[PDB]
2 protein chains.
Amino acid sequence: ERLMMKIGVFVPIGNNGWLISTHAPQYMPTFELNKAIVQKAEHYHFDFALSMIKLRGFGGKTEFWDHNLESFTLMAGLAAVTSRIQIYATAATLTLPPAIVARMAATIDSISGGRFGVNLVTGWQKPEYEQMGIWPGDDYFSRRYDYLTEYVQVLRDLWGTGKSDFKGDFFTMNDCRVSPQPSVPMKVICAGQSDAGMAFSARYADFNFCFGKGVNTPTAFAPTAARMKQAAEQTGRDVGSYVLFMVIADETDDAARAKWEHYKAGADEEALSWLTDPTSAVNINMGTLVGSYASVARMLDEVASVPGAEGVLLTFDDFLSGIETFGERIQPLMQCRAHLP
Amino acid sequence: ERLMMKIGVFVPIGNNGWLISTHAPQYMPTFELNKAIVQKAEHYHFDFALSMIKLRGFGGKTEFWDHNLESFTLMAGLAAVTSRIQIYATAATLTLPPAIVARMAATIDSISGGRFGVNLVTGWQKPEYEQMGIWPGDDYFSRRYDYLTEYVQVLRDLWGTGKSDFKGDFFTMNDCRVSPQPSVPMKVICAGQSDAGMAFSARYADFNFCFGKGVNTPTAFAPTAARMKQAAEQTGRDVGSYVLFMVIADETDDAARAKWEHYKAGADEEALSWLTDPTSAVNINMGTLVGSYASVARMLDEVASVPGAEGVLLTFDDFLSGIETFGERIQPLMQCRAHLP
Ligand SMILES: Cc1cc2nc3c(=O)[nH]c(=O)nc-3n(C[C@H](O)[C@H](O)[C@H](O)COP(=O)(O)O)c2cc1C
Ligand SMILES: Cc1cc2nc3c(=O)[nH]c(=O)nc-3n(C[C@H](O)[C@H](O)[C@H](O)COP(=O)(O)O)c2cc1C
Ligand SMILES: O=c1cc[nH]c(=O)[nH]1
Ligand SMILES: O=c1cc[nH]c(=O)[nH]1
């Protein structure tokens, strides 16, 4: 019952991170920026770094997510300039054959010395795929986890034995070979929120990402983590929840709130239209923690007490300064991080 | 007419490099080995590093190319730990959608600061693709450069304008978007030996790889480079030849020959069966230069005089020692490298 929680950083592979506002920091996703971010996160003992994959943006004044790097190649570069932090890339399974993902994962396993894992996603936004002629049709919405189930069986064969003879509705392996196999058991993580998605995660994932909920209501996601725990019961597997939040912290509650309101007041409404104390569309209605460093520490400790919650995935309004103030001012106050040096 | 030639290293992304022999150095392709190789090549002013993609091996006593990393992720890692050498990854175009390759190339452009390019290949070995159910059928042999022509049109649209509406027999783009665009014009290279392959390279490539020929007959490839020059005439484009050789050099001709014979005497005949002063199957009948450091320097200077030859792509019997003796003993004697510091 002693508080212990893992901390990850959701790295800005897309421009402007997760704020859709002309008052938010404006920046392009460069390798050097993400290198600075992940090296600083590693310095402050963040447990992992994850990048999403986003194949189409939302336009507007800030050209929001119009500029995005590719996840496996970004994480391969970050693996080469880190030494301790876990590194996860996202595979949009419609865009990469499973044997290619299998070999890419083995490659970054080699780059990182065993620190690499894969976030498997089905894809949900039809424009990302229709734009390049690979959308399977609106049958995909209901069948996508059948597809993902075949996909991961191929991956598990290849990582586990170096070969696959899997034959299904979507893939045909005829003694497919991928070697080297990963030096350590390959980590698979998933971000399913639906019943079907959580059932997939319960069978195949090491843990499951879910959305934090509300502004300064850190435990509001609890029913989602409860559903994941029950999905995991149905496989007997230990598959905890990692919860996505944005942290907007400052010296005082008032100063942090002033920033949050300043961001909301610059909302890039044209971009928000394309994408279409309450949450705000300015950060895609993300669960948000806004307060003094001590207030954010207290609220993150609350997250750690939720049944099934094993970690948080953090975005910030400003990653370079936000990681620094998290490491210097927030994390030392967190009971659930007392295990760190 | 003053000798000037570029030098590249063909990095061992597959186990044991390019020797199929129990008397050859035995090693796995690791990131750390390829990092040591490319950093040493960069130190000696090699112009570029290229990795192939090989999705299935040939077995035998040495499990030859049974163990292979993936090219884009390997080169992304190498880009992060280099600063001057050009970095090329190979895309087997049947395995990756063009918009994904486009974004991966933009990503390694960002990692490398503008040092990245793509070697586009159609694929030729049916088992590499049939094993994962993606071989298009034996029509592909005659249509593969039609396919590659559509593929590169999509790439050129995306790198050039950030978007594509290309519609063809093999791809359908509906306002496909990839941004960021590369910071510098994206380099495309090809390795076509056939009439159709050279015609593709003449239209779309910056240069074309061809095979060196014979043992210690450095200019024997000349008719191939002559055919490439004539293909380039038909587009008005400047598309030179880069010639693949293995270098087996030592203090004396006799010592280098003794190594070459020692390698041939350990030929892994079971692996050679699967793959199926003369060239030898022990290095896939590669053009090979065997001699003292001074003899190899003289022969490489001969290569530089061949019409159309602009560079060489080098393998070695031992990459770590071979790059060192190339930099310390061979390159200082090469008239075509007198431009280096
Ligand atoms: C932290 C997190 C990261 C995600 N990253 C991606 C991504 O990179 N690409 C993607 O297509 N979907 C991504 N998703 C969406 C999920 O894969 C999933 O489709 C979504 O949570 C809806 O759940 P469902 O698939 O069970 O309906 C992400 C979700 C979460 C919570
Ligand atoms: C230096 C070099 C590297 C090559 N690398 C690859 C590779 O990584 N993957 C591949 O499928 N083919 C590779 N090839 C084969 C060529 O793409 C091409 O198919 C072959 O040279 C035959 O020429 P053609 O396609 O015009 O018939 C390579 C060839 C050369 C000369
Ligand atoms: O799907 C996604 C990806 C990144 N961030 C989100 O909030 N949702
Ligand atoms: O096709 C190939 C690839 C690497 N080396 C070769 O000799 N041929």
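Residues numbered from 1 in each chain as written, not as in the entry; some residues may be left out. Chains lettered and ligands numbered in written order. Heavy atoms only, no water. Residues with missing side-chain atoms left out of burial classes, pairs and counts.

*Asks:* Go over the interface of chain B and chain A, please, and point to the residues and values.
*Replies:* Contacts between the two partners involve 42 residues from chain B, matched on the other side by 42 residues from chain A. For the pair chain B and chain A, the two sides together bury roughly 3500 Å², of which 63% comes from carbon and sulfur. Counting the surface chain B buries against chain A, the share from its top three residues, B:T73, B:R103 and B:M132, is 16%. Seen at the junction of chain B and chain A, the total is 2 salt bridges. For the pair chain B and chain A, the interface holds 22 residue pairs in polar contact. Of all elements in the fold, only α1 (31–43), α2 (71–80), α3 (98–112) and β6 (176–177) of chain B reach the threshold of two or more residues within the side of chain B that touches chain A. (Contact = heavy atoms within 4.5 Å. Buried area = accessible area lost by both parts, 1.4 Å probe. Salt bridge = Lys/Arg side-chain N within 4 Å of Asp/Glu carboxyl O. Polar contact = N/O pair within 3.5 Å; in protein donor to acceptor, adjacent residues only side chain to side chain. Helix = DSSP H or I, 4+ residues; strand = E, 2+ residues; numbered from the N terminus.)

*Asks:* I'd like a description of the environment of A:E261, backed by residues and values.
*Replies:* Residue and element names in this part refer to chain A. Relative to the assigned elements, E261 resides in helix α8 (residues 253–265). Residue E261 is classed as partly exposed on the basis of its relative accessible area of 36%. Taking the C-alpha atoms as reference points, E261 and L96, separated by 165 residues in sequence, lie 40 Å from one another. (Buried < 20%, exposed > 50% of the residue type's maximum accessible area, 1.4 Å probe, protein only.)

*Asks:* Explain the site of ligand 4 residue by residue, including any values.
*Replies:* Residues and elements named next belong to chain B. Taken together, the residues surrounding ligand 4 are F10, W18, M52, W65 and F211. Contact between ligand 4 and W18: a nitrogen atom at 3.0 Å from a side-chain N or O atom of the residue. Starting from 240 Å² of accessible surface for ligand 4 in isolation, the protein chains cover 66%. By residue class, the composition of the shell around ligand 4 is 5 nonpolar, no polar and no charged. (Near = heavy atom within 4 Å. Areas by Shrake-Rupley, 256 points an atom, 1.4 Å probe, with all protein chains shown as cover. Nonpolar A, V, L, I, M, F, W, Y, C, P; charged D, E, K, R; others polar.)

*Asks:* Could you give me a rundown of the packing of aromatic side chains, with the residues and numbers involved?
*Replies:* All names here are of chain A. One pass over the structure, following the stated rule, counts 56 aromatic pairs over all chains. Seen from their ring centres, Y147 and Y151 are 6.3 Å apart, and the 40 degrees between their planes marks the pair as tilted. Of this pair, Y147 and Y151 both sit in helix α5 (residues 140–161), 4 residues apart, which is roughly one turn of that helix. Given the relative accessible area of 0%, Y151 is considered buried. Taken together, the ring pairs in this structure connect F10, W18, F46, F58, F64, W65, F316, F319 and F326 into an aromatic cluster. (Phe/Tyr/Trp six-rings, centres within 6.5 Å; stacked < 30°, edge-to-face > 60°.)

*Asks:* Help me get a handle on the site of ligand 2, residues and values and all.
*Replies:* Residues and elements named next belong to chain B. In the vicinity of ligand 2 there are 16 residues, among which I53, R144, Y145, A191 and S194 approach most closely. Contact between ligand 2 and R144: an oxygen atom at 2.6 Å from a side-chain N or O atom of the residue. If ligand 2 stood free it would expose 620 Å²; the protein chains cover 85% of that surface. By residue class, the composition of the shell around ligand 2 is 9 nonpolar, 6 polar and 1 charged.

*Asks:* Describe the pattern of salt bridges, listing the residues and the values that go with them.
*Replies:* Evaluated as defined, the whole model comprises 34 salt bridges over all chains. Ionic pairing is found between A:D165 and A:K163, a salt bridge with its closest N-O pair at 2.8 Å. The class of A:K163 is partly exposed, set by a relative accessible area of 25%. Via salt bridges that share partners, A:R56, B:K163, B:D165, B:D175 and B:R177 belong to a single interconnected network.

*Asks:* Can you break down the side chain of B:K54 residue by residue, with the values?
*Replies:* Looking at where B:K54 falls in the secondary structure, it is placed in the loop between β2 (48–50) and α2. Residue class for B:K54 comes out buried when judged on its relative accessible area of 7%. Looking at B:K54, its side chain comes within polar contact range of the side chain of B:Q125, at 2.7 Å. Engagement of the side chain of B:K54 in a polar contact is seen with the side chain of B:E128, the distance being 3.0 Å. In this structure, B:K54 is in contact with A:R103, B:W65, B:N68, B:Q125 and B:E128, ignoring residues within four places of it in sequence.

*Asks:* Please provide a residue-by-residue account of the packing of α5(A) against helix α6 (residues 195–204) of chain A, values included.
*Replies:* Residue and element names in this part refer to chain A. Running from N to C, α5 and α6 point in directions that differ by 15 degrees, and their axes come no closer than 10 Å. Taken together, the axes of α5 and α6 lie roughly parallel to each other. Taken as a pair, α5 and α6 cross one another with a handedness that is right-handed. Across the interface between the two elements, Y145, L148, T149, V152, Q153 and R156 of α5 pack against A196, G197, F200 and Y204 of α6. A breakdown of the residues in the contact of α5 with α6 according to their chemical character gives 6 nonpolar, 3 polar and 1 charged. (Axes fitted to C-alpha atoms, helices over the stretch in contact; angles between N-to-C directions. Parallel < 35°, antiparallel > 145°, perpendicular 65-115°, else oblique. Left-handed = near helix turned anticlockwise from the far one by under 90°.)

*Asks:* Describe the environment of B:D317, naming the residues involved and giving the relevant values.
*Replies:* All names here are of chain B. Turning to its location among the elements, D317 is positioned in the loop between β11 (309–316) and α11 (319–330). Those residues in contact with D317 that lie beyond four places of it in its chain are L19, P25, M246, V247, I248, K259 and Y263. Among the polar contacts made by the side chain of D317, one reaches the side chain of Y263 at a distance of 2.5 Å.

*Asks:* So what about the relation of the copies chain B and chain A? Which residues, and what values?
*Replies:* In the superposition of chain B on chain A (RMSD 0.0 Å, axial shift 0.0 Å), the rotation amounts to 180 degrees. Seen this way, the second copy is the image of the first under a two-fold rotation axis. Among all residues of chain B, the one whose C-alpha sits closest to the rotation axis is B:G77, at a distance of 2.2 Å. A shared interface surface links the copies, since 100% of the contact residues of chain B are contact residues in chain A too. (Least-squares fit on C-alpha atoms.)

*Asks:* Pulling in residues and values, what's your account of the packing of helix α3 (residues 98–112) of chain A against α5(A)?
*Replies:* Residue and element names in this part refer to chain A. The contact between α3 and α5 brings their axes to 9 Å, and the two run at 45 degrees. Viewed along their axes, α3 and α5 adopt a mutual orientation that is oblique. Considering how the two elements wind past one another, α3 and α5 form a crossing that is right-handed. Here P98, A99, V101, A102 and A105 of α3 come into contact with α5, specifically with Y151, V154, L155, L158 and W159. In the contact of α3 with α5, the residues fall into 10 nonpolar, no polar and no charged.

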